[PDB]
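A quick write-up on the structure given underneath.
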Amino acid sequence: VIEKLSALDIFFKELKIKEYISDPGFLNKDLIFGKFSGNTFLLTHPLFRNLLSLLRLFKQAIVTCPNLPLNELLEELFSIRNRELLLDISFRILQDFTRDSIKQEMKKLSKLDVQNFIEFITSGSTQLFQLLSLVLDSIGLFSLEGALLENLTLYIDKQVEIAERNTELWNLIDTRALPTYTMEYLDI
Amino acid sequence: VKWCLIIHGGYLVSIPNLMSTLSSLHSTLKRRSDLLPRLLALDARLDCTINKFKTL
Amino acid sequence: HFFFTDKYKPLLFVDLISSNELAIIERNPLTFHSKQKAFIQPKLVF
Amino acid sequence: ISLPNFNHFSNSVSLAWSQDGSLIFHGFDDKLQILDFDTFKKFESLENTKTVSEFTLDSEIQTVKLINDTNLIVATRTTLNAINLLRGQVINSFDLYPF
Amino acid sequence: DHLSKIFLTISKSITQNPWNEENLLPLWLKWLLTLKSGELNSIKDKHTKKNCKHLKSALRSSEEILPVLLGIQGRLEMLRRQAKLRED
Amino acid sequence: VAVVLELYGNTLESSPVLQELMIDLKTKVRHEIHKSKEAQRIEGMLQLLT
């Protein structure tokens, strides 16, 4: 396999022509050299060089990349492309790294992007709301706009009421003889 | 507790051992939050049967 | 042709009050006035 | 206490203990960790000889066992790998997919 | 079964718009449930129940959302109090 | 209480006193709703201050 990769069964044939539990189990038993030479097959290897991966397949990395640094992940999240990448990379960062690590990363991160994202979320998801908690904790309590505070306040108020009655309706969908005289009829 | 945290938040930021100094508070509020969701489910069941026998 | 109803097992008097008003006089013996204190024989329900 | 909060959940978790108690191996799904015991933080080496504590693996890690302070055998859901600890060099590997 | 068809349409629309700020559809739903839940359950066995589990999954996601949201609500309130103390 | 009501649904209607017992139960459990939600807000600013 190493010789085939350097000169470049289904994956080896595809690599030769171009030049996954079964695939990782047959191609992971050298690996660093193969990955460097490679840098489809790359997606499978990522399924099976953190700076290179960050600079780089985008969805494949953001879902299944083994090495992924906080700074580049927060930059990619803070891009305003918004192709559901907000949920995807919020899930990815909460799956990969710790609360205090994200806190200190956002401490490093500039406040202008923080304000931009507060505006974006207030204008137009529990991972996202956890990220909002994290970013408020990282910005702390001193530097933050009162107007943006009030916009986020009304946003969060309508959101808490919608979540409340949503929970109520969720649980809701989760859910003697004849009297002293009766005025009765009869057939024939 | 709300006013304490409001008027002395910075000292709590400066202190190194927040868990070590508010473990008891944390336990109380954590158990209250854990009570929350089942309580709301109970509320939904309640007002369900409430309105049910109020209309009938 | 004829008919017979089983809707009235307890009944004391059947008659015609008027041309088309029947009267059926029934009982509610145990459920209303006696209310007798009876020996407990519980049912194993589970 | 080391208290991460990971959104995902996978019970494929294991830990091994260095015989001197300095470090703890943690086999987590598709990841190997080595945690310093003095503070429950990552195994930081000032010399930076690529003896890192974040090792990627193909499948969910089932077992991680150190036979001594030098040899570590890890068995993941598809294979098994024997590696050195003083030097980050792999020695042996065998398959679990056929069986 | 006109009420059943209304239920079907309401459930489909609610699933399509889980975060709709309107309340008329939820309130119609909750009256309909608190009145005729049993006959609802006895109507159908496959498609209505599959839609029910879809919507219930969405609602459980919303319930998961709720507590962090309340926490940030408290964050906003305490920041407001901090601003009040700042201006005083 | 949930199982007792799920069994004795219509008897709640037939018996009048149990209805207002339920009413005060609703009032107090809404009070506890407020307590628990304020506790969740407590969660929020403690997680901020830590």
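In the structure tokens, chains take the letters A, B, ... in the order shown, each chain's residues start at 1, and ligands count up from 1 in the order shown.
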Practice task
Find the residues near residue 139 in chain A: any atom within 12 Å, counting only C-alpha atoms, skip ones fewer than 2 places away on the same chain, and give them as a ChimeraX atom specification.
Solution key: /A:102-115,118,132-137,141-145 /E:75,79 /F:48-49
Requested write-out: N, CA, C and O atoms of the selected residues, as a short mmCIF file (atom, residue, chain, number, x, y, z; two decimals), in the first residue's frame:
```
data_model
loop_
_atom_site.label_atom_id
_atom_site.label_comp_id
_atom_site.auth_asym_id
_atom_site.auth_seq_id
_atom_site.Cartn_x
_atom_site.Cartn_y
_atom_site.Cartn_z
N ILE A 102 -13.06 27.62 24.80
CA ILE A 102 -13.84 28.51 23.93
C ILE A 102 -13.94 29.90 24.55
O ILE A 102 -13.89 30.91 23.83
N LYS A 103 -14.08 29.97 25.87
CA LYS A 103 -14.14 31.26 26.56
C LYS A 103 -12.88 32.08 26.30
O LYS A 103 -12.96 33.26 25.95
N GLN A 104 -11.71 31.47 26.48
CA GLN A 104 -10.47 32.21 26.29
C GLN A 104 -10.23 32.52 24.82
O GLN A 104 -9.67 33.58 24.49
N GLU A 105 -10.66 31.64 23.91
CA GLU A 105 -10.55 31.96 22.49
C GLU A 105 -11.38 33.19 22.14
O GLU A 105 -10.92 34.06 21.40
N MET A 106 -12.59 33.29 22.68
CA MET A 106 -13.40 34.48 22.42
C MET A 106 -12.90 35.70 23.19
O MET A 106 -13.14 36.83 22.75
N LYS A 107 -12.21 35.49 24.32
CA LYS A 107 -11.48 36.59 24.95
C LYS A 107 -10.45 37.16 24.00
O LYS A 107 -10.31 38.39 23.88
N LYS A 108 -9.70 36.29 23.33
CA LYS A 108 -8.77 36.73 22.29
C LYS A 108 -9.51 37.40 21.14
O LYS A 108 -9.05 38.41 20.59
N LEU A 109 -10.66 36.85 20.75
CA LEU A 109 -11.37 37.30 19.56
C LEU A 109 -11.88 38.73 19.73
O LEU A 109 -12.22 39.16 20.84
N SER A 110 -11.92 39.47 18.62
CA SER A 110 -12.23 40.89 18.65
C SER A 110 -13.72 41.15 18.88
O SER A 110 -14.58 40.36 18.48
N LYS A 111 -14.01 42.28 19.52
CA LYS A 111 -15.39 42.60 19.89
C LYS A 111 -16.26 42.98 18.70
O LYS A 111 -17.48 42.84 18.78
N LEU A 112 -15.66 43.47 17.61
CA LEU A 112 -16.47 43.88 16.47
C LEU A 112 -17.22 42.69 15.87
O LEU A 112 -18.41 42.79 15.56
N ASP A 113 -16.54 41.55 15.74
CA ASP A 113 -17.21 40.34 15.26
C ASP A 113 -18.28 39.88 16.24
O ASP A 113 -19.33 39.37 15.83
N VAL A 114 -18.03 40.05 17.54
CA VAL A 114 -19.02 39.69 18.55
C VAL A 114 -20.29 40.51 18.36
O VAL A 114 -21.40 39.97 18.35
N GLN A 115 -20.14 41.82 18.20
CA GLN A 115 -21.30 42.68 17.98
C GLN A 115 -22.00 42.32 16.68
O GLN A 115 -23.23 42.29 16.62
N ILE A 118 -24.02 39.23 17.31
CA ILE A 118 -25.21 39.52 18.11
C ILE A 118 -26.29 40.14 17.23
O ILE A 118 -27.46 39.77 17.29
N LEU A 132 -23.99 31.50 22.43
CA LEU A 132 -24.33 32.83 22.92
C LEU A 132 -24.00 32.98 24.39
O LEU A 132 -23.45 34.01 24.81
N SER A 133 -24.33 31.97 25.19
CA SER A 133 -23.93 31.98 26.60
C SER A 133 -22.42 32.11 26.71
O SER A 133 -21.91 32.92 27.49
N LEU A 134 -21.69 31.32 25.93
CA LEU A 134 -20.23 31.33 25.98
C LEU A 134 -19.68 32.70 25.61
O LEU A 134 -18.76 33.20 26.27
N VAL A 135 -20.22 33.31 24.56
CA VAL A 135 -19.69 34.59 24.10
C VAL A 135 -20.02 35.69 25.09
O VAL A 135 -19.22 36.61 25.30
N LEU A 136 -21.19 35.63 25.74
CA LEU A 136 -21.50 36.62 26.76
C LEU A 136 -20.57 36.45 27.96
O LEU A 136 -20.11 37.43 28.55
N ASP A 137 -20.28 35.20 28.33
CA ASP A 137 -19.36 34.96 29.43
C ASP A 137 -17.95 35.42 29.10
O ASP A 137 -17.25 35.91 29.99
N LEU A 141 -18.76 41.55 31.46
CA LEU A 141 -19.83 42.43 31.90
C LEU A 141 -19.59 43.91 31.63
O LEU A 141 -20.53 44.70 31.78
N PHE A 142 -18.39 44.33 31.21
CA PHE A 142 -18.10 45.76 31.08
C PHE A 142 -18.44 46.30 29.69
O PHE A 142 -19.29 47.19 29.55
N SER A 143 -17.80 45.76 28.65
CA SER A 143 -17.86 46.35 27.31
C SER A 143 -18.97 45.66 26.52
O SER A 143 -18.79 44.56 26.00
N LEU A 144 -20.11 46.34 26.40
CA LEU A 144 -21.23 45.84 25.61
C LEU A 144 -22.28 46.94 25.49
O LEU A 144 -22.55 47.65 26.47
N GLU A 145 -22.84 47.09 24.29
CA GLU A 145 -23.75 48.18 23.99
C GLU A 145 -25.10 47.98 24.68
O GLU A 145 -25.63 46.87 24.72
N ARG E 75 -28.68 36.44 32.13
CA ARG E 75 -27.49 37.22 31.82
C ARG E 75 -27.87 38.63 31.38
O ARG E 75 -27.28 39.62 31.84
N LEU E 79 -27.02 42.10 33.35
CA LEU E 79 -26.31 43.16 32.65
C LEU E 79 -27.11 44.46 32.67
O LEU E 79 -26.53 45.55 32.79
N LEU F 48 -21.75 32.97 33.79
CA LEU F 48 -21.04 34.16 33.33
C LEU F 48 -19.90 34.53 34.29
O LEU F 48 -18.76 34.76 33.85
N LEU F 49 -20.19 34.59 35.59
CA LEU F 49 -19.21 35.04 36.57
C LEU F 49 -18.08 34.04 36.80
O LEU F 49 -17.03 34.43 37.31
#
```
For the interface of chain F with chain B (cut-off 10 Å, counting only C-alpha atoms), please tabulate each contacting residue of chain F alongside its nearest pair of atoms and their separation in Å to one decimal, rows sorted by chain and increasing number, as a tab-separated table.
```
residue	atom	partner	partner_atom	distance
F:1	CA	B:42	CA	8.6
F:2	CA	B:42	CA	6.9
F:5	CA	B:49	CA	7.8
F:6	CA	B:49	CA	8.5
F:9	CA	B:49	CA	6.9
F:10	CA	B:53	CA	6.9
F:11	CA	B:53	CA	9.3
F:12	CA	B:53	CA	7.4
F:13	CA	B:53	CA	5.5
F:14	CA	B:53	CA	9.1
F:19	CA	B:50	CA	8.3
F:22	CA	B:50	CA	8.1
F:23	CA	B:50	CA	8.5
F:25	CA	B:46	CA	9.1
F:26	CA	B:46	CA	7.4
F:29	CA	B:43	CA	7.4
F:30	CA	B:43	CA	7.9
F:32	CA	B:39	CA	8.3
F:33	CA	B:36	CA	7.0
F:34	CA	B:36	CA	9.5
F:35	CA	B:32	CA	8.2
F:36	CA	B:36	CA	5.5
F:37	CA	B:36	CA	7.2
F:38	CA	B:33	CA	9.1
F:39	CA	B:29	CA	5.6
F:40	CA	B:33	CA	5.7
F:41	CA	B:2	CA	9.4
F:42	CA	B:29	CA	7.1
F:43	CA	B:29	CA	6.9
F:45	CA	B:5	CA	8.0
F:46	CA	B:5	CA	8.1
F:48	CA	B:13	CA	9.2
F:49	CA	B:13	CA	5.8
F:50	CA	B:18	CA	6.2
```
Create the file for the chosen residues now, containing C-alpha atoms and written as a PDB file, in the first residue's frame.
```
ATOM      1  CA  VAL F   1     -50.661  13.551  40.862  1.00  0.00           C
ATOM      2  CA  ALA F   2     -50.293  12.843  37.143  1.00  0.00           C
ATOM      3  CA  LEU F   5     -55.575  12.570  37.418  1.00  0.00           C
ATOM      4  CA  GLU F   6     -55.021  10.245  34.449  1.00  0.00           C
ATOM      5  CA  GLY F   9     -60.235  12.562  34.954  1.00  0.00           C
ATOM      6  CA  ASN F  10     -64.028  12.945  34.829  1.00  0.00           C
ATOM      7  CA  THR F  11     -64.499  12.384  38.561  1.00  0.00           C
ATOM      8  CA  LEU F  12     -62.552  15.638  38.879  1.00  0.00           C
ATOM      9  CA  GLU F  13     -65.491  17.233  37.081  1.00  0.00           C
ATOM     10  CA  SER F  14     -68.130  15.423  39.129  1.00  0.00           C
ATOM     11  CA  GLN F  19     -61.561  21.242  41.243  1.00  0.00           C
ATOM     12  CA  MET F  22     -56.563  21.637  41.590  1.00  0.00           C
ATOM     13  CA  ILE F  23     -56.898  25.407  41.109  1.00  0.00           C
ATOM     14  CA  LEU F  25     -52.347  23.485  42.922  1.00  0.00           C
ATOM     15  CA  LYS F  26     -52.050  25.234  39.551  1.00  0.00           C
ATOM     16  CA  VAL F  29     -47.038  25.188  40.703  1.00  0.00           C
ATOM     17  CA  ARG F  30     -46.913  28.326  38.556  1.00  0.00           C
ATOM     18  CA  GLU F  32     -42.681  27.139  41.443  1.00  0.00           C
ATOM     19  CA  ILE F  33     -42.424  27.607  37.665  1.00  0.00           C
ATOM     20  CA  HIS F  34     -41.282  31.157  38.343  1.00  0.00           C
ATOM     21  CA  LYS F  35     -38.895  29.960  41.060  1.00  0.00           C
ATOM     22  CA  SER F  36     -37.325  27.363  38.760  1.00  0.00           C
ATOM     23  CA  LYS F  37     -37.006  29.782  35.843  1.00  0.00           C
ATOM     24  CA  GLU F  38     -35.365  32.363  38.091  1.00  0.00           C
ATOM     25  CA  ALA F  39     -33.049  29.533  39.167  1.00  0.00           C
ATOM     26  CA  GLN F  40     -32.226  28.995  35.492  1.00  0.00           C
ATOM     27  CA  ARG F  41     -31.396  32.699  35.261  1.00  0.00           C
ATOM     28  CA  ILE F  42     -29.188  32.091  38.306  1.00  0.00           C
ATOM     29  CA  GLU F  43     -27.484  29.387  36.242  1.00  0.00           C
ATOM     30  CA  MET F  45     -25.166  34.666  35.487  1.00  0.00           C
ATOM     31  CA  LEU F  46     -23.170  32.202  37.598  1.00  0.00           C
ATOM     32  CA  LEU F  48     -21.038  34.163  33.335  1.00  0.00           C
ATOM     33  CA  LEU F  49     -19.207  35.038  36.566  1.00  0.00           C
ATOM     34  CA  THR F  50     -17.202  31.791  36.543  1.00  0.00           C
TER      35      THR F  50
END
```
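Taking CA of residue 1 in chain E as the reference point, CA of residue 33 in chain E is found at 14.5 Å.
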Problem - Contact residues around range 24-39 of chain C with only C-alpha atoms at 12 Å, ignoring same-chain residues under 4 positions, as a PyMOL selection string - result: (chain A and resi 176-186) or (chain C and resi 5+7-17)
Put those residues in a file: N, CA and C atoms, as a JSON list (two decimals), in the first residue's frame.
```
[["chain", "number", "residue", "atom", "x", "y", "z"],
["A", 176, "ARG", "N", -72.89, 7.72, 37.82],
["A", 176, "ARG", "CA", -73.77, 6.70, 38.37],
["A", 176, "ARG", "C", -74.76, 6.20, 37.31],
["A", 177, "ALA", "N", -75.83, 5.56, 37.75],
["A", 177, "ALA", "CA", -76.82, 5.00, 36.84],
["A", 177, "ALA", "C", -77.69, 6.12, 36.29],
["A", 178, "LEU", "N", -78.81, 5.75, 35.66],
["A", 178, "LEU", "CA", -79.69, 6.74, 35.07],
["A", 178, "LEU", "C", -80.21, 7.69, 36.16],
["A", 179, "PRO", "N", -80.44, 8.95, 35.82],
["A", 179, "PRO", "CA", -80.90, 9.92, 36.82],
["A", 179, "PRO", "C", -82.28, 9.57, 37.36],
["A", 180, "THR", "N", -82.74, 10.43, 38.27],
["A", 180, "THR", "CA", -84.02, 10.21, 38.93],
["A", 180, "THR", "C", -85.17, 10.11, 37.94],
["A", 181, "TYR", "N", -84.99, 10.68, 36.75],
["A", 181, "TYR", "CA", -85.98, 10.57, 35.68],
["A", 181, "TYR", "C", -85.29, 10.88, 34.37],
["A", 182, "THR", "N", -85.63, 10.13, 33.34],
["A", 182, "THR", "CA", -85.08, 10.37, 32.02],
["A", 182, "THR", "C", -86.22, 10.41, 31.02],
["A", 183, "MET", "N", -86.05, 11.27, 30.03],
["A", 183, "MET", "CA", -87.14, 11.73, 29.18],
["A", 183, "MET", "C", -87.09, 10.90, 27.90],
["A", 184, "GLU", "N", -87.41, 9.62, 27.99],
["A", 184, "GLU", "CA", -86.88, 8.66, 27.02],
["A", 184, "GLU", "C", -87.92, 8.20, 26.02],
["A", 185, "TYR", "N", -87.40, 7.78, 24.87],
["A", 185, "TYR", "CA", -88.15, 7.33, 23.71],
["A", 185, "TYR", "C", -88.13, 5.80, 23.60],
["A", 186, "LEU", "N", -88.82, 5.29, 22.59],
["A", 186, "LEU", "CA", -88.89, 3.86, 22.33],
["A", 186, "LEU", "C", -89.26, 3.62, 20.87],
["C", 5, "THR", "N", -87.68, -5.13, 24.96],
["C", 5, "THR", "CA", -86.47, -4.41, 25.30],
["C", 5, "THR", "C", -85.86, -4.97, 26.57],
["C", 7, "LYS", "N", -83.53, -3.00, 28.18],
["C", 7, "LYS", "CA", -82.96, -1.80, 28.78],
["C", 7, "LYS", "C", -83.44, -1.54, 30.19],
["C", 8, "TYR", "N", -84.43, -2.30, 30.67],
["C", 8, "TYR", "CA", -85.05, -2.06, 31.97],
["C", 8, "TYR", "C", -85.21, -3.40, 32.68],
["C", 9, "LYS", "N", -84.15, -3.84, 33.35],
["C", 9, "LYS", "CA", -84.21, -5.07, 34.12],
["C", 9, "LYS", "C", -84.88, -4.82, 35.47],
["C", 10, "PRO", "N", -84.50, -3.77, 36.23],
["C", 10, "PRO", "CA", -85.32, -3.40, 37.39],
["C", 10, "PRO", "C", -86.50, -2.56, 36.94],
["C", 11, "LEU", "N", -87.71, -3.02, 37.23],
["C", 11, "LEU", "CA", -88.91, -2.30, 36.83],
["C", 11, "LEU", "C", -90.07, -2.77, 37.70],
["C", 12, "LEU", "N", -90.86, -1.81, 38.18],
["C", 12, "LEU", "CA", -92.01, -2.13, 39.02],
["C", 12, "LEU", "C", -93.32, -2.01, 38.27],
["C", 13, "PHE", "N", -93.50, -1.00, 37.44],
["C", 13, "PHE", "CA", -94.80, -0.84, 36.80],
["C", 13, "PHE", "C", -94.64, -0.33, 35.39],
["C", 14, "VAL", "N", -95.28, -0.99, 34.44],
["C", 14, "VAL", "CA", -95.31, -0.54, 33.05],
["C", 14, "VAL", "C", -96.75, -0.23, 32.69],
["C", 15, "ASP", "N", -96.99, 0.98, 32.19],
["C", 15, "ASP", "CA", -98.36, 1.35, 31.86],
["C", 15, "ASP", "C", -98.35, 2.49, 30.85],
["C", 16, "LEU", "N", -99.54, 2.93, 30.46],
["C", 16, "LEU", "CA", -99.72, 4.08, 29.58],
["C", 16, "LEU", "C", -100.27, 5.23, 30.41],
["C", 17, "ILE", "N", -99.47, 6.29, 30.58],
["C", 17, "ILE", "CA", -99.97, 7.50, 31.22],
["C", 17, "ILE", "C", -101.03, 8.15, 30.35]]
```
Exercise for the section: Determine, counting only C-alpha atoms, which protein, DNA and RNA residues have an atom within 12 Å of an atom of residue 25 in chain D; residues of the same chain fewer than 2 positions away are not included. Present the result as a PyMOL selection string. Expected result: chain D and resi 13-19+21-23+27-28+31-37+40+42-43+52-55+61+63-66+69+72-74+85
Output for the residues just chosen: N, CA, C and O atoms as a compact mmCIF listing (two decimals), in the first residue's frame:
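Final output, saved to part.txt:
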```txt
# COMPACT_ATOMS: atom_id res chain seq x y z
N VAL D 13 -15.63 4.69 25.92
CA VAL D 13 -14.62 5.42 26.68
C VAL D 13 -13.87 4.45 27.58
O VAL D 13 -14.44 3.50 28.13
N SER D 14 -12.57 4.69 27.71
CA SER D 14 -11.71 3.87 28.55
C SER D 14 -10.58 4.73 29.09
O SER D 14 -10.27 5.78 28.52
N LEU D 15 -9.97 4.29 30.18
CA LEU D 15 -8.78 4.96 30.66
C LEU D 15 -7.80 3.94 31.24
O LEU D 15 -8.20 2.91 31.79
N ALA D 16 -6.52 4.26 31.09
CA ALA D 16 -5.41 3.51 31.67
C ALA D 16 -4.57 4.44 32.52
O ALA D 16 -4.56 5.65 32.32
N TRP D 17 -3.84 3.86 33.47
CA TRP D 17 -3.17 4.63 34.50
C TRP D 17 -1.68 4.32 34.47
O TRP D 17 -1.29 3.15 34.60
N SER D 18 -0.84 5.35 34.32
CA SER D 18 0.60 5.14 34.37
C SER D 18 1.00 4.63 35.75
O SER D 18 0.57 5.16 36.77
N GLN D 19 1.85 3.60 35.76
CA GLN D 19 2.15 2.89 37.00
C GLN D 19 2.68 3.82 38.09
O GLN D 19 2.50 3.52 39.28
N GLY D 21 1.55 6.93 38.20
CA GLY D 21 0.46 7.87 38.42
C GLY D 21 0.64 9.23 37.79
O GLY D 21 -0.18 10.11 38.02
N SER D 22 1.68 9.42 36.98
CA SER D 22 1.93 10.72 36.38
C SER D 22 0.87 11.06 35.34
O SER D 22 0.37 12.19 35.28
N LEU D 23 0.50 10.09 34.50
CA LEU D 23 -0.36 10.34 33.36
C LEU D 23 -1.46 9.30 33.29
O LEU D 23 -1.39 8.21 33.86
N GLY D 27 -8.89 6.54 26.14
CA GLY D 27 -9.38 6.14 24.84
C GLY D 27 -10.81 6.59 24.65
O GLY D 27 -11.73 6.05 25.28
N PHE D 28 -10.99 7.60 23.81
CA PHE D 28 -12.29 8.17 23.49
C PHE D 28 -12.54 7.90 22.02
O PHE D 28 -11.60 7.65 21.26
N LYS D 31 -9.97 8.89 19.27
CA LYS D 31 -9.05 9.82 19.90
C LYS D 31 -8.36 9.15 21.08
O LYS D 31 -8.98 8.40 21.83
N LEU D 32 -7.07 9.44 21.23
CA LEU D 32 -6.29 9.03 22.39
C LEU D 32 -5.80 10.27 23.11
O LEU D 32 -5.31 11.21 22.48
N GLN D 33 -5.94 10.27 24.43
CA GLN D 33 -5.53 11.39 25.26
C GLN D 33 -4.58 10.91 26.35
O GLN D 33 -4.65 9.77 26.79
N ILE D 34 -3.68 11.79 26.76
CA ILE D 34 -2.82 11.55 27.91
C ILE D 34 -2.92 12.78 28.81
O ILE D 34 -2.53 13.88 28.41
N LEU D 35 -3.45 12.58 30.01
CA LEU D 35 -3.76 13.66 30.93
C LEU D 35 -2.78 13.61 32.09
O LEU D 35 -2.60 12.56 32.71
N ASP D 36 -2.14 14.74 32.37
CA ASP D 36 -1.34 14.86 33.58
C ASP D 36 -2.25 14.79 34.80
O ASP D 36 -3.34 15.36 34.82
N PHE D 37 -1.79 14.08 35.82
CA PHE D 37 -2.61 13.88 37.01
C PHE D 37 -2.51 15.01 38.02
O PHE D 37 -3.45 15.22 38.80
N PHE D 40 -5.04 17.61 36.14
CA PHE D 40 -6.06 17.23 35.16
C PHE D 40 -6.03 18.15 33.94
O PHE D 40 -7.07 18.60 33.45
N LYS D 42 -3.75 18.83 29.99
CA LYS D 42 -3.12 18.11 28.90
C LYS D 42 -1.63 17.91 29.18
O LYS D 42 -0.99 18.70 29.87
N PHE D 43 -1.09 16.81 28.64
CA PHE D 43 0.31 16.49 28.86
C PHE D 43 1.20 17.43 28.06
O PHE D 43 1.59 17.13 26.93
N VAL D 52 2.98 14.13 21.64
CA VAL D 52 1.71 14.81 21.87
C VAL D 52 0.71 13.87 22.50
O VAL D 52 0.92 12.65 22.55
N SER D 53 -0.39 14.43 23.00
CA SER D 53 -1.41 13.69 23.74
C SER D 53 -2.74 13.63 23.01
O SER D 53 -3.78 13.39 23.64
N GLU D 54 -2.75 13.85 21.70
CA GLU D 54 -3.98 13.79 20.91
C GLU D 54 -3.71 12.89 19.71
O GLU D 54 -3.24 13.36 18.67
N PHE D 55 -4.01 11.60 19.86
CA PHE D 55 -3.74 10.61 18.83
C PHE D 55 -5.05 10.19 18.17
O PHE D 55 -5.97 9.73 18.85
N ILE D 61 -12.40 3.62 20.23
CA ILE D 61 -11.41 2.91 21.03
C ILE D 61 -12.13 2.10 22.09
O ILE D 61 -12.93 2.64 22.87
N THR D 63 -10.29 -0.52 24.20
CA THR D 63 -9.37 -0.68 25.31
C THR D 63 -8.09 0.10 25.06
O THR D 63 -7.65 0.26 23.92
N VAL D 64 -7.47 0.56 26.15
CA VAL D 64 -6.10 1.06 26.12
C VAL D 64 -5.41 0.57 27.39
O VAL D 64 -5.88 0.84 28.50
N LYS D 65 -4.34 -0.21 27.23
CA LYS D 65 -3.67 -0.84 28.35
C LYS D 65 -2.17 -0.70 28.19
O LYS D 65 -1.62 -1.03 27.14
N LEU D 66 -1.50 -0.21 29.23
CA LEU D 66 -0.05 -0.15 29.25
C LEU D 66 0.49 -1.39 29.95
O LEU D 66 0.12 -1.68 31.09
N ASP D 69 5.58 1.07 31.76
CA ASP D 69 5.73 2.48 31.43
C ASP D 69 6.39 2.71 30.07
O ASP D 69 6.83 3.83 29.80
N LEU D 72 2.39 0.38 25.16
CA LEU D 72 0.95 0.60 25.26
C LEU D 72 0.27 -0.11 24.10
O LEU D 72 0.63 0.10 22.94
N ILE D 73 -0.72 -0.95 24.41
CA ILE D 73 -1.53 -1.64 23.42
C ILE D 73 -2.94 -1.05 23.47
O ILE D 73 -3.55 -0.97 24.54
N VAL D 74 -3.44 -0.63 22.31
CA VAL D 74 -4.76 -0.04 22.19
C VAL D 74 -5.57 -0.89 21.22
O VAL D 74 -5.09 -1.25 20.14
N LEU D 85 6.13 4.45 24.40
CA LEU D 85 5.79 5.63 25.19
C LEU D 85 6.95 6.59 25.37
O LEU D 85 6.76 7.80 25.28
```
